Protein chains: 2
Amino acid sequence: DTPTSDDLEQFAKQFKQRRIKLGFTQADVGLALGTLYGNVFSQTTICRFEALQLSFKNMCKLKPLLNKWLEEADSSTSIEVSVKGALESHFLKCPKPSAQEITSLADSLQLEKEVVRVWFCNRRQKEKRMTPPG
Amino acid sequence: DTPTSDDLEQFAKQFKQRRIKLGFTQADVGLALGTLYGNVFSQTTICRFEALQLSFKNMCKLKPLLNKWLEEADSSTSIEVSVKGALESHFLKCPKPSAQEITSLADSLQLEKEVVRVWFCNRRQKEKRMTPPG
DNA sequence: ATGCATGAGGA
DNA sequence: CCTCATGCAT
DNA sequence: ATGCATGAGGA
DNA sequence: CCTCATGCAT
């Protein structure tokens, strides 16, 4: 049976609180999941978990693995600023542009088409985090 | 004879440009200064150098050491947001408060006195960077 | 890329 | 205390 | 703490 | 192409 979104908030809040009190960094925890359970994770992922900056499914996948570490540790190419806001505006107009709208947006802002395609992919995926940028 | 501030801007701009083209990260360069010259530096320091976020003296100290690497590589406790703006306001009023103004500022914002003393130390020291936050 | 930190050295 | 060079952790 | 990225897997 | 989990580099 799955946690609620409230369960994950409170778990993340208490996980961070306890990780600090034990004297571990985010990078430490991520490495220890590799050491103890053969499933390493980066500082970036532990940080996002604590901020709920991951999808609900991802949050649910990591929670028991982080609960394991907690139980166990208790025992011891750059978009300009002006261009960035332009990408926003079109994202509210339409957040999933075609490969044709992307390729034209890339010239009107003088970005490579791949840069724009990936930027939209990422901005769509932040919208799906449990705590999105809004 | 010492570089001008313009010399250091252009050197930092060209250093970053060349470091990327060689395929090295900031952390790589910092470690290589230890490897090659027995003077290791952190990713943080290389990053600040490229952004001129260090004092003129510091910038001058690091430049020849980074010019060495370039020549050689060519061959191969958290202040709330609202509280933060309050610390600013008083910094313009007076940027070097006494240990008595510090200790009272610490209670009126419910921070530890050491936190406020260190915050002022750091905010004074950013004012001395070649590219300050302003 | 940066917030908060440390410690050597000095008035 | 401070300045100052410097970095861990995020 | 996060901007830009990759690659496995799927419609 | 996309979604999605994930991280290097800053």
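Because only heavy atoms are used, hydrogens play no part in the values below, and waters and symmetry mates are left out as well, while side chains stay in. Every chain is numbered from 1 and lettered A, B, ... according to where its sequence line falls, protein lines coming before strand lines.
In this structure, the side chain of A/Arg124 engages the main chain of A/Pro95 through a donor-acceptor pair within 3.5 Å. For the pair B/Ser108 (side chain) and B/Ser104 (backbone), a donor-acceptor distance under 3.5 Å is present. With hydrogens and angles disregarded, no donor-acceptor distance shorter than 3.5 Å links the side chain of B/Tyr37 to the backbone of B/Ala32.
Partner of B/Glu50 under the side-chain hydrogen bond (donor to acceptor under 3.5 Å, both in side chains) criterion, out of B/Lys13, B/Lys16, B/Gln26: B/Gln26 alone.
Looking at heavy-atom distances under 4.0 Å, B/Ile102 makes contact with sugar-phosphate atoms alone, never a base. Residue contacts for B/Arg124: at a heavy-atom cut-off of 4.0 Å it reaches the sugar-phosphate backbone alone, with no base atom in range. If you check every strand for non-hydrogen atoms under 4.0 Å, B/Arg123 touches nothing.
Between A/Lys57 and B/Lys16, it is A/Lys57 whose nearest contact on DNA chain F lies nearer the 5' terminus. The 5' end of DNA chain F is approached more closely, in terms of each residue's nearest nucleotide, by A/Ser98 than by the other of A/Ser55 and A/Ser98.
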Please convert DNA chain C into dot-bracket. A pair counts if it is Watson-Crick or G-U wobble with both distances under 3.5 Å; crossing pairs go in [ ] and bases paired with another strand get |. ||||||||||.
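For the P atom pair drawn from F/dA9 and C/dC4, the interatomic distance equals 27 Å after rounding to whole Å.
At least one test fails for A/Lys96 against the ring of A/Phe120: distance under 6.0 Å to the centre or angle within 45° of the axis. B/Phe24 does not carry B/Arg19 over the face of its six-membered ring by the limits of under 6.0 Å from the centre and within 45° of the normal.
Between B/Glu80 atom CD and C/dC4 atom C1' there is a gap of 15 Å when expressed in whole angstrom units.
B/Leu31 belongs to a hydrophobic cluster whose remaining members, ordered by chain and number, are B/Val40; membership requires side-chain heavy atoms of ILVMFWY residues under 4.5 Å apart, directly or through intermediates.
Here the side chain of A/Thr77 is nearest to one of C/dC4, E/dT2, E/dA5, namely E/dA5.
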Criterion salt bridge (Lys or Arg N to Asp or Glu O under 4.0 Å) on A/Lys84 and A/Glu88, from CA distance to verdict: CA-CA 7 Å; A/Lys84 192 111 64 193; A/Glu88 223 38 46; over 6 Å; no
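Bracketed by its first and final contacts, the part of DNA chain F lying under 4.0 Å from non-hydrogen atoms of chain B reaches from F/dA9 to F/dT10 in 5' to 3' order.
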